[PDB]
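Undergrad: Got a structure for you, written out below as structure tokens; questions coming shortly.
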Amino acid sequence: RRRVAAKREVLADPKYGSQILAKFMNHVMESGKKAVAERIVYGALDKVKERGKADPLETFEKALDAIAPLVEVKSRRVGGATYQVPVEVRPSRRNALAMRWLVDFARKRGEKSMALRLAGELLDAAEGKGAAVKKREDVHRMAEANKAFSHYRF
Amino acid sequence: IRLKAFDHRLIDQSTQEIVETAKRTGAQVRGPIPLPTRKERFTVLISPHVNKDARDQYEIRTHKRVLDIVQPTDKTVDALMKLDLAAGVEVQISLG
Amino acid sequence: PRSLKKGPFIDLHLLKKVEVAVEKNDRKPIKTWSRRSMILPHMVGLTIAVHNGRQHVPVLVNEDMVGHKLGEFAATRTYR
Amino acid sequence: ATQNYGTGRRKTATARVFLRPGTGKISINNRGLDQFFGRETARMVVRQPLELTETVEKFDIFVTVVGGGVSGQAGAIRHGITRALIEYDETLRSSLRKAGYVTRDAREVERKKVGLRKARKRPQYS
Amino acid sequence: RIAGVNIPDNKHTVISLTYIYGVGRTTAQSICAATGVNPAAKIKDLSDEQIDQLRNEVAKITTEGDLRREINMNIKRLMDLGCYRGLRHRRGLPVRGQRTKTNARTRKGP
Amino acid sequence: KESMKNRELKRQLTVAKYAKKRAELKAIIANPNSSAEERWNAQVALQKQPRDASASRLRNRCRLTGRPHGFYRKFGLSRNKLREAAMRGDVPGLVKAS
RNA sequence: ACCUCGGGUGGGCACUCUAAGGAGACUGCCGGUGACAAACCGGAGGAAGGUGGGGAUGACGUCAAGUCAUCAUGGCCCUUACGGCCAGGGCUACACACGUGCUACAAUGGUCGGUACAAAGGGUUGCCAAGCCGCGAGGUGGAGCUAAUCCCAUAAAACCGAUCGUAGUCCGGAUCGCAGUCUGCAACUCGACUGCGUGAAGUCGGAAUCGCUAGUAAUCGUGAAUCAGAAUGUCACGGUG
């Protein structure tokens with residue numbers, strides 16, 4: 001495994017003037033349906049401005065940082081015993097963990113009018129009663145039972 | 001004038017055999033114009049008894065080439081057609 | 001199938017072995033290998049020996065068999 | 001004169017872009033810019049090299065584009081106008097080489113190969 | 001009894017006429033065209049006047065209580081003649097000429 | 001076989017022998033202005049011809065080899081005689097490409 | 001300039017395009033690094049930067065791997081038939097099990113009404129237009145055409161407006177009844193499509209298990225070969241990404 005991987009960049013959001021939202025828009029697109037997914041992300045953006053008077057970017061700015069975790073396990077097996085090691089999440093990685101958890105719980109929300117499913121997800125995570133926040137903190141609890149394996153056979 | 005052959009080391013080497021040998025006799029003949037090229041792919045199976053994913057694919061080309069006179073006053077190229085046909089060039093005449 | 005521009009179908013040698021065999025009436029079965037032809041109201045009530053593939057089987061022609069061909073009444077494959 | 005000819009190709013498209021001094025006249029194939037590109041973000045992407053070089057109000061723009069896809073023609077204009085802006089000088093050369101606008105995107109589609117089904121996808125075995 | 005069967009409510013007319021079992025979807029688009037009933041309104045908003053004209057059309061096509069009777073005799077004519085289309089239709093095999101060795105499971109069950 | 005090329009040689013004769021009456025008999029039937037009495041006796045002349053006259057009975061086999069499957073009509077060769085004759089520079093204008 | 005407003009026309013050789021012939025990229029140059037030696041890590045310029053991307057090209061050999069049914073041949077048998085000829089039938093049968101492949105299971109959807117942009121290819125034993133009659137598949141009709149001209153030939157997804165409120169359903173389309181057209185001497189076993197009616201299983205699918213590193217996976221169409229007729233496969237070209 002010679003190290004090869006360079007970096008490709010996508011940063012385009014002219015109708016709002018943002019950068020995090022464009023990368024979040026790519027996690028919603030299925031099979032290249034970009035124009036469909038573009039009006040749903042704005043469709044769940046204006047309902048927050050309908051709901052809260054604050055600029056809904058900052059609601060999205062707050063909802064990331066209550067779904068984004070800090071440490072997580074890593075099942076590195078010693079070759080004769082299956083161990084798990086709580087590891088520090090790299091700062092570049094920890095953005096995409098929240099955005100990928102957020103969409104997958106929006107699809108099982110079970111409402112009508114699809115942009116209302118994602119609307120309720122970004123409202124809860126500014127408070128903490130979301131299922132993504134409950135899925136965040138449970139994996140946080142898995143690390144301290146794992147904390148004995150932090151350095152030793154790790 | 002229009003020309004059809006199978007390789008560009010004949011048909012684009014016989015236009016100079018016509019452009020020089022007609023402009024010498026006074027009449028004005030402009031520069032030849034290329035056309036789009038016929039391309040035909042033939043994917044054939046290669047094994048006698050079957051093994052399907054071994055294949056081989058060919059391609060047959062056809063080059064076209066169009067001349068353009070200005071003033072028709074020379075029957076010189078009409079006699080010099082057996083000269084300008086060499087091996088595989090076909091010339092249909094359009095004496096504009 | 002067999003659109004109404006070209007309306008009927010019957011075989012030529014079958015027709016002379018029926019239309020003349022009406023004029024001397026039903027005292028014999030008609031042994032014929034042909035199966036591509038229909039039955040017709042010129043033929044209501046006859047006895048045809050349609051080729052199975054290895055033998056001939058008899059056919060009791062009725063009045064309500066008219067549109068269907070002879071192939072639906074000879075067998076092909078047993079499956080006992 | 002002051003007429004400036006600009007071409008640009010991306011994803012089998014081709015755009016004739018003419019550029020001359022005027023007042024915001026943006027017309028493409030005898031259509032308005034908001035009318036031609038129906039409901040997309042690329043309505044502003046054609047302005048992105050223009051508003052970077054602070055000349056958004058100072059030119060007539062006449063565009064004729066052929067072939068390609070919907071959002072492939074919009075990229076042809078963006079590459080096309082950057083070649084038309086650099087007929088002036090090289091003052092905006094460094095403003096666009098650094099911007100990543102001048103290089104033609106070479107990424108073209110790839111052919112189906114035998115045995116495979118897509119360009120690289122292959123059927124399942126067991 | 002309502003139109004031959006019960007008809008649902010809070011629905012558009014073409015969808016509501018579909019349950020009459022002998023009129024599909026293209027046929028119920030002609031009946032609202034021939035009578036003049038707007039499908040865009042619900043069946044609740046209609047009048048109790050012109051439903052006879054909807055009931056006139058039901059008396060001109062077929063009725064499911066007798067549609068299934070007469071289609072059985074089309075099956076029954078094929079069986080008692082012993083023709084090949086009714087030969088397999090007695091047993092349970094496919095009819096139109098499908099493949100039988102595998103995959104014909106919606107005429108044989110699990 | 002060799003006895004099997006020979007029986008599908010004479011099919012090509014009998015198709016190209018008659019070849020003109022069956023155009024006329026199918027010119028009569030295809031007209032909507034034609035009368036069915038002129039059609040019904042025209043049906044008689046078709047079925048009393050020998051059936052090896054239609055093109056659907058004809059089967060284009062390879063001319064040098066005789067194998068039925070794997071025939072092309074821009075050549076006259078089989079699937080596996082075309083390869084051996086093309087690598088020897090015989091077929092003009094034919095190369096490999098990509 | 002012209003126009004009837006169609007490059008329609010005169011015209012022009014600027015262009016796009018087409019296809020011939022060329023230049024360009026070599027660790028060349030800057031810095032660091034190594035024995036300063038191969039090379040390596042950064043840098044400038046540049047359309048392209050470190051074999052630019054793809055394709056054809058598979059060494060000595062292996063598995064007595066496969067094929068005597070493509071063809072060629074040693075031997076062995078048949079030669080009043082193990083060879084020829086012609087009808088019908090058959091390979092498409094059918095409690096079951098395994099392999100690949102397509103649709104679906106819905107609301108990032110379903111219908112209806114408008115409206116926007118492709119490449120690549122076949123066609124004088126053919127393509128088969130306009131008009132024309134048909135609910136529709138089509139039927140007339142015969143032009144133009146030996147092809148950057150004529151025809152195949154309308155790209156679809158996207159966008160716009162409407163309804164649909166997540167219900168085994170304006171979901172799904174299997175089955176099946178009835179009625180039609182096309183090819184062919186002939187649609188019974190055994191063809192493809194069209195109309196009308198009926199409407200199933202299916203509410204994302206165990207243990208397991210495979211494909212893929214970028215114009216890639218995923219999704220939407222188009223064409224060709226074989227071919228009277230008949231593609232969910234094979235080969236091939238593009239959209240959105």
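Scheme for the structure tokens: letters A, B, ... for chains in order shown; per-chain residue numbers from 1; ligand numbers from 1 in order shown.
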If we count only C-alpha atoms (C1' of nucleotides) and set the cut-off at 10 Å, which residues sit around residue G:225, ignoring sequence neighbours fewer than 2 positions away in its own chain? Please answer as a list in words.
TA: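 Selected residues are residues 41, 42 and 43 of chain B; 72 of chain F; 227, 234 and 235 of chain G.
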Undergrad: Take the selection from the previous step and output its residues with N, CA and C atoms (P, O5', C5', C4', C3', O3' and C1' of nucleotides), as a PDB file, in the first residue's frame.
TA:
ATOM      1  N   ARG B  41     -16.902  -1.343 -36.847  1.00  0.00           N
ATOM      2  CA  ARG B  41     -16.299  -2.261 -35.896  1.00  0.00           C
ATOM      3  C   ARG B  41     -16.883  -3.658 -36.066  1.00  0.00           C
ATOM      4  N   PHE B  42     -16.020  -4.668 -35.991  1.00  0.00           N
ATOM      5  CA  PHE B  42     -16.403  -6.075 -36.128  1.00  0.00           C
ATOM      6  C   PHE B  42     -15.821  -6.862 -34.963  1.00  0.00           C
ATOM      7  N   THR B  43     -16.638  -7.151 -33.961  1.00  0.00           N
ATOM      8  CA  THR B  43     -16.198  -7.946 -32.826  1.00  0.00           C
ATOM      9  C   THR B  43     -16.488  -9.408 -33.124  1.00  0.00           C
TER      10      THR B  43
ATOM     11  N   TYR F  72     -21.669 -13.629 -41.430  1.00  0.00           N
ATOM     12  CA  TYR F  72     -21.795 -12.198 -41.643  1.00  0.00           C
ATOM     13  C   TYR F  72     -22.124 -11.951 -43.106  1.00  0.00           C
TER      14      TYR F  72
ATOM     15  P     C G 227     -28.273 -13.664 -40.791  1.00  0.00           P
ATOM     16  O5'   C G 227     -29.673 -13.142 -40.267  1.00  0.00           O
ATOM     17  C5'   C G 227     -30.646 -14.047 -39.781  1.00  0.00           C
ATOM     18  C4'   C G 227     -31.917 -13.318 -39.460  1.00  0.00           C
ATOM     19  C3'   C G 227     -32.572 -12.603 -40.628  1.00  0.00           C
ATOM     20  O3'   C G 227     -33.378 -13.459 -41.414  1.00  0.00           O
ATOM     21  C1'   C G 227     -32.430 -11.141 -38.774  1.00  0.00           C
ATOM     22  P     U G 234     -24.877  -9.051 -21.096  1.00  0.00           P
ATOM     23  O5'   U G 234     -24.225  -9.203 -22.536  1.00  0.00           O
ATOM     24  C5'   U G 234     -23.498 -10.367 -22.880  1.00  0.00           C
ATOM     25  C4'   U G 234     -23.038 -10.312 -24.308  1.00  0.00           C
ATOM     26  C3'   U G 234     -22.226  -9.087 -24.682  1.00  0.00           C
ATOM     27  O3'   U G 234     -20.859  -9.215 -24.344  1.00  0.00           O
ATOM     28  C1'   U G 234     -23.924  -9.416 -26.279  1.00  0.00           C
ATOM     29  P     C G 235     -20.038  -7.946 -23.808  1.00  0.00           P
ATOM     30  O5'   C G 235     -19.982  -6.967 -25.054  1.00  0.00           O
ATOM     31  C5'   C G 235     -18.997  -7.146 -26.054  1.00  0.00           C
ATOM     32  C4'   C G 235     -19.332  -6.389 -27.310  1.00  0.00           C
ATOM     33  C3'   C G 235     -19.186  -4.883 -27.245  1.00  0.00           C
ATOM     34  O3'   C G 235     -17.851  -4.444 -27.366  1.00  0.00           O
ATOM     35  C1'   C G 235     -21.235  -5.422 -28.262  1.00  0.00           C
TER      36        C G 235
END
Undergrad: Residues near residue B:15, anyone? I mean within 10 Å using only C-alpha atoms (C1' of nucleotides), not counting same-chain ones fewer than 6 positions away, as a PyMOL selection string.
TA: chain B and resi 3+21+31-32+65-67+84
Undergrad: When you get a sec, could you note down which chain D residues fall within 12 Å of chain F, using only C-alpha atoms, as a VMD selection string?
TA: chain D and resid 111 to 113
Undergrad: Can you spit out the residues from that selection as a tab-separated table (two decimals), in the first residue's frame, using N, CA and C atoms?
TA:
chain	number	residue	atom	x	y	z
D	111	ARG	N	-14.76	3.88	-22.18
D	111	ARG	CA	-15.43	2.96	-23.08
D	111	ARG	C	-15.71	1.62	-22.41
D	112	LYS	N	-16.73	0.93	-22.90
D	112	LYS	CA	-17.05	-0.39	-22.40
D	112	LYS	C	-16.03	-1.41	-22.89
D	113	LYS	N	-15.55	-2.25	-21.99
D	113	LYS	CA	-14.54	-3.26	-22.29
D	113	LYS	C	-15.18	-4.64	-22.20
Undergrad: Using only C-alpha atoms (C1' of nucleotides), determine which residues lie at most 6 Å from residue A:84, disregarding the query and same-chain residues fewer than 4 positions distant; provide the list as a list in words.
TA: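 Residues meeting the cut-off are residues 73, 74, 75 and 76 of chain A.
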Undergrad: I'd like the contact shell of residue G:168 - 12 Å cut-off, only C-alpha atoms (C1' of nucleotides), skipping same-chain residues fewer than 3 positions apart - returned as number ranges by chain.
TA: G: 105-106, 171-172, 200-203
Undergrad: Those selected residues, please, written with C-alpha atoms (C1' of nucleotides) and delivered as a PDB file, in the first residue's frame.
TA:
ATOM      1  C1'   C G 105     -41.902  -3.148  -2.867  1.00  0.00           C
ATOM      2  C1'   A G 106     -43.323   3.802  -3.176  1.00  0.00           C
ATOM      3  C1'   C G 171     -48.340   1.239  -5.327  1.00  0.00           C
ATOM      4  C1'   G G 172     -47.082  -2.885  -8.118  1.00  0.00           C
ATOM      5  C1'   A G 200     -51.997 -11.504  -7.395  1.00  0.00           C
ATOM      6  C1'   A G 201     -47.174 -12.260  -4.603  1.00  0.00           C
ATOM      7  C1'   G G 202     -44.589  -8.329  -2.830  1.00  0.00           C
ATOM      8  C1'   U G 203     -44.401  -3.277   3.258  1.00  0.00           C
TER       9        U G 203
END
Undergrad: List every residue of chain A that DSSP, applied to the backbone of this structure, places in strand (DSSP E), and write the result as a PyMOL selection string.
TA: chain A and resi 71-72+87-88
Undergrad: Might you pull out every residue within 12 Å of stretch 9-23 of chain A, with only C-alpha atoms (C1' of nucleotides) counted and same-chain residues fewer than 6 positions away left off, and present them as a PyMOL selection string?
TA: (chain A and resi 29+34+37-39+41-42+45-46+55-58+60-61+64+95-96+99-100) or (chain D and resi 39-48+100)
Undergrad: Generate the output file for the selected residues, N, CA, C and O atoms, as a CSV table (one decimal), in the first residue's frame.
TA:
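Printed below is part_24.csv as written:
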chain,number,residue,atom,x,y,z
A,29,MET,N,-27.7,13.4,-1.9
A,29,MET,CA,-27.9,13.0,-3.3
A,29,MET,C,-27.9,11.5,-3.5
A,29,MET,O,-26.9,10.9,-3.0
A,34,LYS,N,-29.1,15.6,-8.3
A,34,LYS,CA,-28.6,16.8,-7.5
A,34,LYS,C,-29.7,17.8,-7.4
A,34,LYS,O,-29.9,18.4,-6.3
A,37,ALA,N,-32.2,16.9,-4.8
A,37,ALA,CA,-31.8,17.0,-3.5
A,37,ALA,C,-31.5,18.4,-3.1
A,37,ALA,O,-31.4,18.7,-1.9
A,38,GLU,N,-31.2,19.3,-4.1
A,38,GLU,CA,-30.9,20.7,-3.8
A,38,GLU,C,-32.2,21.4,-3.2
A,38,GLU,O,-32.0,22.2,-2.3
A,39,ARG,N,-33.3,21.1,-3.8
A,39,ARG,CA,-34.5,21.8,-3.3
A,39,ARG,C,-35.1,21.2,-2.0
A,39,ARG,O,-36.0,21.8,-1.4
A,41,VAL,N,-33.0,20.2,0.6
A,41,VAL,CA,-32.1,20.8,1.6
A,41,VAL,C,-32.5,22.2,1.8
A,41,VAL,O,-32.6,22.6,3.0
A,42,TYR,N,-32.8,23.0,0.8
A,42,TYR,CA,-33.4,24.3,1.0
A,42,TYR,C,-34.8,24.1,1.4
A,42,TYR,O,-35.3,25.0,2.1
A,45,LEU,N,-34.5,23.9,4.9
A,45,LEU,CA,-33.8,25.0,5.5
A,45,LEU,C,-34.8,26.2,5.8
A,45,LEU,O,-34.6,26.8,6.9
A,46,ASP,N,-35.7,26.4,4.9
A,46,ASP,CA,-36.7,27.5,5.1
A,46,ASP,C,-37.7,27.2,6.2
A,46,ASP,O,-38.3,28.1,6.8
A,55,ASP,N,-30.9,32.8,11.9
A,55,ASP,CA,-30.5,32.3,10.6
A,55,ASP,C,-30.3,30.8,10.6
A,55,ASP,O,-29.5,30.4,11.5
A,56,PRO,N,-30.9,30.0,9.8
A,56,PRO,CA,-30.9,28.6,10.0
A,56,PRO,C,-29.6,27.9,9.7
A,56,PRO,O,-29.5,26.7,9.9
A,57,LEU,N,-28.6,28.7,9.2
A,57,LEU,CA,-27.2,28.1,9.1
A,57,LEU,C,-26.7,27.9,10.5
A,57,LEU,O,-26.1,26.8,10.8
A,58,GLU,N,-27.0,28.8,11.5
A,58,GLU,CA,-26.5,28.6,12.8
A,58,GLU,C,-27.2,27.5,13.6
A,58,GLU,O,-26.6,26.9,14.4
A,60,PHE,N,-28.1,24.8,11.9
A,60,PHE,CA,-27.3,23.7,11.3
A,60,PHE,C,-25.8,23.7,11.9
A,60,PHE,O,-25.3,22.7,12.1
A,61,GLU,N,-25.3,24.9,12.2
A,61,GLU,CA,-24.0,25.0,12.9
A,61,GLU,C,-24.0,24.4,14.3
A,61,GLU,O,-23.0,23.8,14.7
A,64,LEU,N,-24.7,20.2,14.1
A,64,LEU,CA,-23.5,19.4,13.9
A,64,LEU,C,-22.8,19.0,15.2
A,64,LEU,O,-22.5,17.8,15.4
A,95,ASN,N,-16.5,15.7,11.1
A,95,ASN,CA,-17.6,16.4,10.4
A,95,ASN,C,-18.6,15.4,9.7
A,95,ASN,O,-19.8,15.4,9.9
A,96,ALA,N,-18.0,14.5,9.0
A,96,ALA,CA,-18.8,13.6,8.1
A,96,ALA,C,-19.5,12.5,8.9
A,96,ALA,O,-20.5,11.9,8.4
A,99,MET,N,-23.0,14.2,9.8
A,99,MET,CA,-23.8,14.4,8.6
A,99,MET,C,-24.3,13.1,8.0
A,99,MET,O,-25.4,13.0,7.4
A,100,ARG,N,-23.6,12.0,8.2
A,100,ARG,CA,-24.0,10.7,7.7
A,100,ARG,C,-25.0,10.0,8.7
A,100,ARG,O,-25.9,9.3,8.3
D,39,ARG,N,-33.5,26.8,-13.8
D,39,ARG,CA,-33.5,26.4,-12.4
D,39,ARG,C,-32.3,25.5,-12.1
D,39,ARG,O,-32.3,24.3,-11.9
D,40,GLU,N,-31.1,26.2,-12.1
D,40,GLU,CA,-29.9,25.5,-11.6
D,40,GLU,C,-29.0,26.6,-11.0
D,40,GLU,O,-29.2,27.8,-11.1
D,41,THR,N,-28.0,26.0,-10.3
D,41,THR,CA,-27.0,26.9,-9.6
D,41,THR,C,-26.0,27.4,-10.6
D,41,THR,O,-25.3,28.4,-10.3
D,42,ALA,N,-25.9,26.8,-11.8
D,42,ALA,CA,-24.9,27.2,-12.8
D,42,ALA,C,-25.3,28.6,-13.5
D,42,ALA,O,-24.5,29.0,-14.3
D,43,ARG,N,-26.4,29.1,-13.1
D,43,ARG,CA,-26.8,30.5,-13.6
D,43,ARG,C,-25.8,31.5,-13.0
D,43,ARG,O,-25.6,32.6,-13.6
D,44,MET,N,-25.2,31.2,-11.8
D,44,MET,CA,-24.2,32.1,-11.2
D,44,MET,C,-22.8,31.6,-11.5
D,44,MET,O,-21.9,32.4,-11.4
D,45,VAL,N,-22.6,30.4,-12.0
D,45,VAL,CA,-21.3,29.8,-12.2
D,45,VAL,C,-20.7,30.4,-13.5
D,45,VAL,O,-19.5,30.6,-13.6
D,46,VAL,N,-21.6,30.8,-14.4
D,46,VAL,CA,-21.1,31.5,-15.6
D,46,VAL,C,-20.6,32.9,-15.3
D,46,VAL,O,-19.9,33.5,-16.1
D,47,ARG,N,-21.0,33.5,-14.2
D,47,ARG,CA,-20.6,34.8,-13.7
D,47,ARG,C,-19.4,34.8,-12.8
D,47,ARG,O,-18.8,35.8,-12.6
D,48,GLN,N,-19.0,33.6,-12.3
D,48,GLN,CA,-17.9,33.5,-11.4
D,48,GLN,C,-16.5,33.9,-11.9
D,48,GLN,O,-15.8,34.6,-11.1
D,100,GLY,N,-7.8,28.6,-10.6
D,100,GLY,CA,-8.2,27.3,-11.2
D,100,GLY,C,-9.3,27.3,-12.2
D,100,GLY,O,-10.2,26.5,-12.2
Undergrad: Any chance you could list, as number ranges by chain, the residues in chain E that come up helix (DSSP H, G or I) when DSSP is run on the backbone?
TA: E: 13-20, 27-35, 51-58, 64-80, 84-91
Undergrad: Using only C-alpha atoms (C1' of nucleotides), I'd like every residue of chain G that has an atom within 6 Å of chain F; please write them out as an MDAnalysis selection string.
TA: chainID G and resid 55 185 228
Undergrad: Would you give me, as a list in words, the residues of chain G that come within 9 Å of chain E, using only C-alpha atoms (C1' of nucleotides)?
TA: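 Only these qualify: residues 92, 93, 94, 163, 170, 174, 175, 176, 177, 188, 189, 190, 196, 197, 198, 200 and 201 of chain G.
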Undergrad: Produce a table with one row for each residue of chain G that has an atom at most 12 Å from any atom of chain A, each row naming the nearest atom pair and its distance in Å at one decimal; use only C-alpha atoms (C1' of nucleotides); arrange rows by chain and rising residue number; format as CSV.
TA:
residue,atom,partner,partner_atom,distance
G:107,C1',A:113,CA,6.8
G:108,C1',A:37,CA,6.1
G:109,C1',A:114,CA,10.3
G:157,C1',A:33,CA,9.0
G:158,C1',A:35,CA,7.5
G:159,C1',A:35,CA,9.2
G:165,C1',A:112,CA,7.5
G:166,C1',A:112,CA,6.7
G:213,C1',A:5,CA,8.8
G:214,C1',A:8,CA,9.6
G:217,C1',A:31,CA,9.2
G:218,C1',A:31,CA,4.5
G:219,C1',A:31,CA,5.1
G:220,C1',A:31,CA,10.4
G:239,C1',A:32,CA,11.2
G:240,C1',A:32,CA,5.7
G:241,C1',A:32,CA,4.3
Undergrad: Compile the contact shell of residue C:65 as a list in words: residues with an atom at most 12 Å away, counting only C-alpha atoms (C1' of nucleotides), same-chain residues fewer than 4 positions apart removed.
TA: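 Contacts, in chain order: residues 38, 39, 40, 41, 43, 44, 45, 46, 59, 60, 61, 69, 70, 71, 72 and 73 of chain C; 77, 78, 80, 81, 82 and 83 of chain E.
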Undergrad: Kindly export the residues of the current selection with N, CA and C atoms, as a PDB file, in the first residue's frame.
TA:
ATOM      1  N   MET C  38     -57.989 -24.834 -40.305  1.00  0.00           N
ATOM      2  CA  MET C  38     -59.113 -24.712 -39.391  1.00  0.00           C
ATOM      3  C   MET C  38     -60.169 -25.756 -39.730  1.00  0.00           C
ATOM      4  N   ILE C  39     -61.288 -25.725 -39.015  1.00  0.00           N
ATOM      5  CA  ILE C  39     -62.483 -26.411 -39.479  1.00  0.00           C
ATOM      6  C   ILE C  39     -63.520 -25.349 -39.818  1.00  0.00           C
ATOM      7  N   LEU C  40     -64.504 -25.743 -40.607  1.00  0.00           N
ATOM      8  CA  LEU C  40     -65.396 -24.801 -41.261  1.00  0.00           C
ATOM      9  C   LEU C  40     -66.821 -25.323 -41.173  1.00  0.00           C
ATOM     10  N   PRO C  41     -67.826 -24.439 -41.267  1.00  0.00           N
ATOM     11  CA  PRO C  41     -69.220 -24.911 -41.287  1.00  0.00           C
ATOM     12  C   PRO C  41     -69.610 -25.693 -42.532  1.00  0.00           C
ATOM     13  N   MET C  43     -68.016 -28.377 -42.814  1.00  0.00           N
ATOM     14  CA  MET C  43     -67.458 -29.635 -42.337  1.00  0.00           C
ATOM     15  C   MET C  43     -68.004 -30.053 -40.978  1.00  0.00           C
ATOM     16  N   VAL C  44     -69.206 -29.616 -40.611  1.00  0.00           N
ATOM     17  CA  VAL C  44     -69.731 -29.889 -39.274  1.00  0.00           C
ATOM     18  C   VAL C  44     -70.179 -31.347 -39.201  1.00  0.00           C
ATOM     19  N   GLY C  45     -69.484 -32.141 -38.391  1.00  0.00           N
ATOM     20  CA  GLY C  45     -69.905 -33.492 -38.087  1.00  0.00           C
ATOM     21  C   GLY C  45     -69.081 -34.607 -38.689  1.00  0.00           C
ATOM     22  N   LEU C  46     -67.899 -34.320 -39.215  1.00  0.00           N
ATOM     23  CA  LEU C  46     -67.128 -35.327 -39.924  1.00  0.00           C
ATOM     24  C   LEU C  46     -66.237 -36.111 -38.961  1.00  0.00           C
ATOM     25  N   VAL C  59     -61.339 -37.792 -34.644  1.00  0.00           N
ATOM     26  CA  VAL C  59     -61.890 -36.506 -34.233  1.00  0.00           C
ATOM     27  C   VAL C  59     -63.392 -36.513 -34.482  1.00  0.00           C
ATOM     28  N   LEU C  60     -64.170 -36.220 -33.443  1.00  0.00           N
ATOM     29  CA  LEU C  60     -65.610 -36.038 -33.580  1.00  0.00           C
ATOM     30  C   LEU C  60     -65.896 -34.553 -33.743  1.00  0.00           C
ATOM     31  N   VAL C  61     -66.261 -34.151 -34.950  1.00  0.00           N
ATOM     32  CA  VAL C  61     -66.466 -32.739 -35.239  1.00  0.00           C
ATOM     33  C   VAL C  61     -67.840 -32.323 -34.733  1.00  0.00           C
ATOM     34  N   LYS C  69     -58.272 -24.585 -34.573  1.00  0.00           N
ATOM     35  CA  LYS C  69     -57.676 -25.457 -35.570  1.00  0.00           C
ATOM     36  C   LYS C  69     -57.633 -26.898 -35.076  1.00  0.00           C
ATOM     37  N   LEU C  70     -57.159 -27.786 -35.951  1.00  0.00           N
ATOM     38  CA  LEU C  70     -57.065 -29.202 -35.626  1.00  0.00           C
ATOM     39  C   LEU C  70     -55.980 -29.501 -34.607  1.00  0.00           C
ATOM     40  N   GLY C  71     -55.055 -28.570 -34.392  1.00  0.00           N
ATOM     41  CA  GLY C  71     -53.937 -28.838 -33.518  1.00  0.00           C
ATOM     42  C   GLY C  71     -54.294 -28.918 -32.053  1.00  0.00           C
ATOM     43  N   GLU C  72     -55.421 -28.332 -31.653  1.00  0.00           N
ATOM     44  CA  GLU C  72     -55.815 -28.354 -30.251  1.00  0.00           C
ATOM     45  C   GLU C  72     -56.453 -29.666 -29.831  1.00  0.00           C
ATOM     46  N   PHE C  73     -56.611 -30.618 -30.745  1.00  0.00           N
ATOM     47  CA  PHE C  73     -57.316 -31.848 -30.447  1.00  0.00           C
ATOM     48  C   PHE C  73     -56.482 -33.090 -30.697  1.00  0.00           C
TER      49      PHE C  73
ATOM     50  N   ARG E  77     -66.459 -23.744 -21.572  1.00  0.00           N
ATOM     51  CA  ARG E  77     -66.454 -24.183 -22.965  1.00  0.00           C
ATOM     52  C   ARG E  77     -65.101 -24.758 -23.365  1.00  0.00           C
ATOM     53  N   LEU E  78     -64.014 -24.210 -22.827  1.00  0.00           N
ATOM     54  CA  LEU E  78     -62.704 -24.712 -23.209  1.00  0.00           C
ATOM     55  C   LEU E  78     -62.396 -26.054 -22.559  1.00  0.00           C
ATOM     56  N   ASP E  80     -64.710 -28.632 -21.512  1.00  0.00           N
ATOM     57  CA  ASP E  80     -65.509 -29.790 -21.899  1.00  0.00           C
ATOM     58  C   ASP E  80     -65.314 -30.186 -23.357  1.00  0.00           C
ATOM     59  N   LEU E  81     -64.756 -29.302 -24.179  1.00  0.00           N
ATOM     60  CA  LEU E  81     -64.373 -29.693 -25.527  1.00  0.00           C
ATOM     61  C   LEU E  81     -63.089 -30.502 -25.561  1.00  0.00           C
ATOM     62  N   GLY E  82     -62.275 -30.432 -24.512  1.00  0.00           N
ATOM     63  CA  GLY E  82     -61.019 -31.147 -24.532  1.00  0.00           C
ATOM     64  C   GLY E  82     -59.985 -30.558 -25.456  1.00  0.00           C
ATOM     65  N   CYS E  83     -60.110 -29.280 -25.796  1.00  0.00           N
ATOM     66  CA  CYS E  83     -59.080 -28.614 -26.571  1.00  0.00           C
ATOM     67  C   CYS E  83     -57.847 -28.388 -25.707  1.00  0.00           C
TER      68      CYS E  83
END
Undergrad: For chain D, work out the contacting residues on chain G at 12 Å, counting only C-alpha atoms (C1' of nucleotides), and write them as a PyMOL selection string.
TA: chain G and resi 14-17+45-48+52-55+98-101+115-119+155+157-160+209-218+233-241
Undergrad: Do you know which residues are at most 6 Å from stretch 10-15 of chain C counting only C-alpha atoms (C1' of nucleotides), after dropping those on the same chain fewer than 3 positions away, and could you put them as number ranges by chain?
TA: C: 18-19, 37
Undergrad: For a quick test of understanding: name the residues of chain B lying within 7 Å of chain G when counting only C-alpha atoms (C1' of nucleotides), and present them as JSON, numbers by chain.
TA: {"B": [34, 35, 36, 48, 49]}
